[PDB]
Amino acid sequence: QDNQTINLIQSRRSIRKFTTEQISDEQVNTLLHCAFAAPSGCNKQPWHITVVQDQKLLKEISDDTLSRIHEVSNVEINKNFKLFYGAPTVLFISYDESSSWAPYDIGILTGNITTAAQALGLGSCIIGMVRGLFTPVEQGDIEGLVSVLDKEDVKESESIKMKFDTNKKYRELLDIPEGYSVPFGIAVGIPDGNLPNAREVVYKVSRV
């Protein structure tokens, strides 16, 4: 329609090419405000957001991710590939894994962020995280370190130590709450070039 909100929602696409220009603190605040205005089952708001503008840290996550993908699935990705498409800001979304509604809740929250970015003249792409890099240390790493003790110096042994260190490092740097999972981030920036064409939607609908 000629309703501006409807047109953004219907024309949204993922942005994977950004300028080098950082978004303003006011735009960040606005995105956060929008995010935390989402509804949530029982108003628990069982979520957290980490605002990241450290390109070194983002580059490290990108490198570990691509490396893990190469080593586990044996696909070759171009070494110039950027997990976060060079976005100047990324919002890491985490949630309480003991709330039954929480995965849905953070999708709604992510939708608010996505639409708000569009309304500010910005663009985004959601970015899936490798669970193994962000799991809390108590979810499988402890018995890993234990077993490694009786496997003195093997390769599988060195990678268990790195996993633990990586998991500890990323959860601390991002200030992930205890018991929270980090399934994805949202890369946010100023799109470089024209926007991709609107999706031709598919109506996966029944009626009564």
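Start at 1 with the first residue shown and count on from there.
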Mean temperature factor over C-alpha atoms, higher-scoring stretch between 26-34 and 156-164: 156-164
67-75 versus 100-108 - greater average Cα B-factor per the deposited record: 67-75
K17 - Cα temperature factor, lowest/middle/highest third of chain: highest
Cα B factor band for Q118 (lowest, middle or highest third within the chain): middle
Modelled-residue ranking by C-alpha temperature factor, third containing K59: highest
Position of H48 among the chain's modelled residues by C-alpha B-factor, lowest, middle or highest third: lowest
Cα B factor band for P136 (lowest, middle or highest third within the chain): middle
